[PDB]
Amino acid sequence: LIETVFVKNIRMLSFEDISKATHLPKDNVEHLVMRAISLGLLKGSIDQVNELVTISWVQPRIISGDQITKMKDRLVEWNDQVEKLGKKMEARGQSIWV
Amino acid sequence: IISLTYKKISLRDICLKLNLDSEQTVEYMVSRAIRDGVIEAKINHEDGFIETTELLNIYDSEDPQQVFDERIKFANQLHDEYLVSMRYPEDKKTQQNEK
Amino acid sequence: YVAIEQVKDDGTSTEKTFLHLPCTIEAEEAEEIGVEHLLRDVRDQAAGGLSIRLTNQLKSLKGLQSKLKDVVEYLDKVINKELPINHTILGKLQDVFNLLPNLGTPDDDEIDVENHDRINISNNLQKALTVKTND
Amino acid sequence: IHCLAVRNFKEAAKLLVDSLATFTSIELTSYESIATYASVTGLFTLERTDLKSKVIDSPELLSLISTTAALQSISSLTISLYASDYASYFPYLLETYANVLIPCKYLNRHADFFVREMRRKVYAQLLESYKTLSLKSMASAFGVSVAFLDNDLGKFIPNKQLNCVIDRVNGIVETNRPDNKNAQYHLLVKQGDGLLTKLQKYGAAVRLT
Amino acid sequence: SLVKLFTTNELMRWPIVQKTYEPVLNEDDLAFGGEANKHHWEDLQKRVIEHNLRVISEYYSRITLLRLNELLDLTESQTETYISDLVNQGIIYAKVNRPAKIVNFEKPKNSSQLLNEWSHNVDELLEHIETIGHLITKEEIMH
Amino acid sequence: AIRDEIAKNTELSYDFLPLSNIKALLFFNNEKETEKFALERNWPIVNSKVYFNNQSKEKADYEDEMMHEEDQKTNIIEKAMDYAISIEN
Amino acid sequence: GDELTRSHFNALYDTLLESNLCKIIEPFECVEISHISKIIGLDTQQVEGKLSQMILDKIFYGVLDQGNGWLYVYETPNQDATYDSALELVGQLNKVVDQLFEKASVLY
Amino acid sequence: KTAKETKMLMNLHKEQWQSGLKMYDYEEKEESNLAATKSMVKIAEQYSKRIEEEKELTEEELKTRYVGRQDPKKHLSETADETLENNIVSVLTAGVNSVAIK
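Chains as they are written, first to last, in the authors' numbering: chain O, 296 to 393; chain S, 394 to 492; chain U, 137 to 271; chain R, 216 to 424; chain P, 298 to 440; chain T, 184 to 272; chain Q, 327 to 434; chain V, 205 to 306.
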């Protein structure tokens, strides 16, 4: 459960998919998630008006070659936004940079 | 004006009021009209009423930023206008002989 | 950097290392009045007028872009040059992706109303300067 | 009397309520007439709150009692509005139209202005207290038909005090009133546009001259 | 075992807790063994349910009322009385849809409050990446 | 021309027309003309029901790729920068 | 038989209702209008009439949805304070431009 | 002194620019909006007073009578400019932060 949310860049996943992932019925999953908050292994909020768990905090998982690879992408991706923006921002108001 | 007043109104009621021939004829003059967003509604013929498309509060929406943008430029234009012009009489007065 | 002595816990012996401490400048009062008097420059960033902070906005971006690159290249070097896995840097980067702002938050909708307040007071203060010039 | 006679009923409301105290009989339309007229101007202009203080609890109107028929008809109307019994309001409206507005010369011409306003003001107060009402329920209370209600309200909506739309099919009258941030945006943008018009006109003029 | 259960936020199912300590500590002398104190075991119910109630407001921003009656293990009419009591005392703050469909735990937010949390997120990021860069530098020389 | 004009209008109105309604409104005389026109408008007919849902979303996607464009939407960064140099001229 | 008794027993009526009304509605969201009648001991038609009058007075200002038979009560609605200060500021600017032109009537 | 040393006396820092993408809280933007506007309402009454007549001879006479000393027109302009400048920085930083990060 803690692993499945981590690898996803999406930080909310429904219970029903978690039910599949942990191989326990959906009655038992809701309770387990209440306990996950208590421990503080996950933190977030619980909505049963869509049967969702929306996390805001996830424990760092163990370092593996696979996961590193995901890290490398993410910071490459952000790096392109920065680049795009600074050049556009240069042009507009070229003359005033005193 | 009728969409404004009645939010959800059967084509039947429209037809009788303004004398318009039948529910099929009114649908055609209205369908054209809403493309252009005059009336601002959407037709439901599979139920049978026409339902006004609300925008309600537009502050909540992002409408005011565009309003501002224009106005700022108008203010800016008057300032430059003041400034070029103000100098004009002054240049004349200095050069002429004074006591 | 301050020499600290700590078990590097990985199956490696006690390691002695130089851990970064941020440092800042400071000046004694007695020196400082004289520092200021020597200096008289208009500065790359002084936090002065509009045009000065505006330069800093262009600078601050280019700052970040170089800064992020350093990270990407370390990640290559771990699996190509076998730099020791430092679970600590990678741990900090997890906190960056985890606490990351996202869009479709009700926080966007809040920023979006705020945008409108900031231009609207600007607009009115623009209009007021019209009256002063006209005077 | 001047302000009353003319279309501006704003100044009239003020001038006449203070003429109650300072009534001078000498060559002027009787005291009984003045008192009735004050109430008329009261109702058109003044908010529900502002009617209570200045007209209902107005010490003079209570001193003069209801003796003349016209005074009674207009006074009773005032009362059932505040008390919000809307079983007795609409019968009183019919009475005031017959016996007060039409025979007074001044209010023969303003009969139209006054009765259209009263219909809008009562309906506005009831809509404010309900997110939603039925058409049958609003009508039934008044003592008018569902058909009758439907026409009379659709005159009043585009003039915009009622602030409602009517779902015919569901029969609901839903009420949409802004009270938020939007209120403070409209007021600002409109006033500030009125100011810019003036800057342009005057600035451009002085440059030429 | 008893005391530590009630401090921790773990859900405490009332007639389960009641049953387990029932033949031992209800029968344990003066505190629960007294004649008046036989009714202090029943009153123990309120106490248990109110700690769970408190924890769950925190955790669930939105929960169906129907569900909440099951977990606390109570009669539905009663639970609702108890939601009102804790909101009245201002311990918790809640918004109750009376037909019993949804119970919404809502503490007051304003615009400023939400934006103030976000302002920090931005700043905290920039500091983290800065610190990391000096630590990249360190490891290069150590290798 | 008549058929094209109505088709364009009816996108905004709803997503679904019963097979019989398309034929009636646009003045198709045969159901052959109906299913032909739907293909040219990028609407499949599955179970005798059209499906305007498809083309509307797809058109928005394609439009977003053009180059004119930065100034037409007007970025938040863009809005500020213009006003700042308006002042600093 | 005593007009004073009547006057003050009607104020007593309404006050006694208000003290109890506050107790029912502090958990808010959306109380049923039926649920009110049970406690208060007044009929469903009587609940509606009293409640409407008090909405207009603005002593708790809510809205009543009949379609669901619920009373939602609202307290302190948000409105731009920044803009409240700006309305008085624009108001001053408008007088000022009329005066300025009047000064500038000497050019003509 | 040398121009190597001058560089050292001022000191370049990375926190000059890091402080430029730090976004201070929004309670503080609200306060500035509120405050600056209210202040100029007060000196705007005084400004009405300034220009009521003011066109009769001898400039010195005018400055004592209409209190053109400690000039209210000028003070209105100053408060206006500072706030105007800042509110433009405030929009400019917030727009850069939001796209750039995410």
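For every residue, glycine included, the Cβ atom is placed at its ideal position computed from N, Cα and C.
Around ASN222 of chain U, the beta-carbon contacts reaching into chain P at under 7 Å are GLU436. Between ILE363 of chain O and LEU211 of chain U, the gap from beta carbon to beta carbon is short of 8 Å.
The beta carbons of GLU455 of chain S and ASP244 of chain U sit about 11 Å from each other, so the pair does not count as a contact at 8 Å. Proximity to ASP206 of chain U across O:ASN374, O:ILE357, O:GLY335, O:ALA316 peaks at O:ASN374, based on C-alpha coordinates.
Contact annotation, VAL208 of chain U with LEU370 of chain O: C-beta distance approximately 6 Å; criterion of less than 8 Å satisfied. Identification of residues in the segment 183 to 205 of chain U having a C-beta nearer than 8 Å to some C-beta of chain O yields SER187, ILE188, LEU190, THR191, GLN193, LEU194, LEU197, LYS198, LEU200, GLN201, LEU204, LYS205, given in sequence order. Assignment of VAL229 of chain T by DSSP, reduced to helix, strand and coil, places it in the coil class.
Between the C-alpha atoms of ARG306 of chain O and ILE388 of chain P there is a straight-line separation of about 30 Å. Between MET329 of chain O and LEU383 of chain P, the gap from beta carbon to beta carbon reaches 8 Å or more.
Taking a contact to require three or more Cβ pairs closer than 8 Å, the segment 273 to 288 of chain V and the segment 213 to 221 of chain V do not qualify as touching. Rounded to the nearest angstrom, the gap between the Cα atoms of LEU426 of chain Q and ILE255 of chain V is 7 Å. Exposure of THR372 of chain P is indicated by the presence of fewer than 16 other C-beta atoms within 10 angstroms of its C-beta. Spanning the alpha carbons of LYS218 of chain V and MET384 of chain O requires a straight line of approximately 21 Å.
Bridge partners of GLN142 of chain U according to DSSP: U:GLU151.
The C-beta of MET439 of chain P has fewer than 16 other C-beta atoms within 10 Å across all chains shown, which makes the residue exposed.
Closest in C-alpha terms to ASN450 of chain S, from the list R:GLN415, R:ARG334, R:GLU226, R:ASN397, comes R:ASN397. Taking 9 Å as the cut-off between beta carbons, the residues of the segment 412 to 431 of chain Q near chain R are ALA412, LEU413, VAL416, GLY417, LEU419, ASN420, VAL423, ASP424, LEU426, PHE427, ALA430, in sequence order. Counting C-beta atoms within 10 angstroms of its own C-beta, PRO373 of chain R has fewer than 16 neighbours from the protein chains shown and is therefore classed as exposed.
For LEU226 of chain U, the nearest beta carbon of chain O is closer than 8 Å to its own beta carbon. Cβ-Cβ distances below 6 Å link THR445 of chain S to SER396, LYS400, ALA434 in the same chain, with the five nearest sequence neighbours on each side left out; the list follows chain order. Non-local C-beta neighbours of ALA285 of chain R in its own chain, meaning closer than 7 Å and more than five positions away in sequence, comprise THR251, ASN314, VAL315, ordered along the chain. Going by DSSP, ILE388 of chain P is part of no beta strand (DSSP E) at all; its letter is neither H nor E. A Cβ of chain R is located within less than 8 Å of the beta carbon of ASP406 of chain S. The segment 209 to 221 of chain T and the segment 257 to 265 of chain U do not touch, with fewer than 3 CB-CB distances between them shorter than 8 Å. Counting along the chain, no beta strand (DSSP E) covers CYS159 of chain U, and no H or E run does either. Not flagged as an interface residue toward chain U: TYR228 of chain V, since no C-beta distance is shorter than 8 Å. Across the set O:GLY339, O:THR299, O:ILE391, the C-alpha of O:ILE391 shows the shortest separation from the C-alpha of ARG189 of chain U. Contact annotation, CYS356 of chain Q with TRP396 of chain Q: C-beta distance approximately 5 Å; criterion of less than 8 Å satisfied. The segment 239 to 255 of chain V makes no contact with the segment 228 to 235 of chain U; the number of CB pairs closer than 8 Å stays below 3. Listed along the chain, the chain U residues whose CB falls inside 7 Å of the CB of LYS277 of chain V are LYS268, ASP271. Only those residues of the segment 459 to 472 of chain S whose C-beta falls short of 7 Å from the nearest C-beta of chain U are listed: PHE461, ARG464, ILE465, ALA468, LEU471, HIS472.
When DSSP states are grouped into helix, strand and coil, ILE221 of chain U belongs to the coil group. For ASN251 of chain U, the chain T residues whose Cβ falls inside 8 Å of its Cβ are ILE259, in order along the chain. Taking C-alpha positions only, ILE387 of chain R is separated from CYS379 of chain R by approximately 10 Å. In the displayed model, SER358 of chain P falls within a strand according to three-state DSSP.
Your pair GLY339 of chain O and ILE357 of chain O does not check out as a contact, with CB atoms roughly 21 Å apart and the cut at 8 Å.
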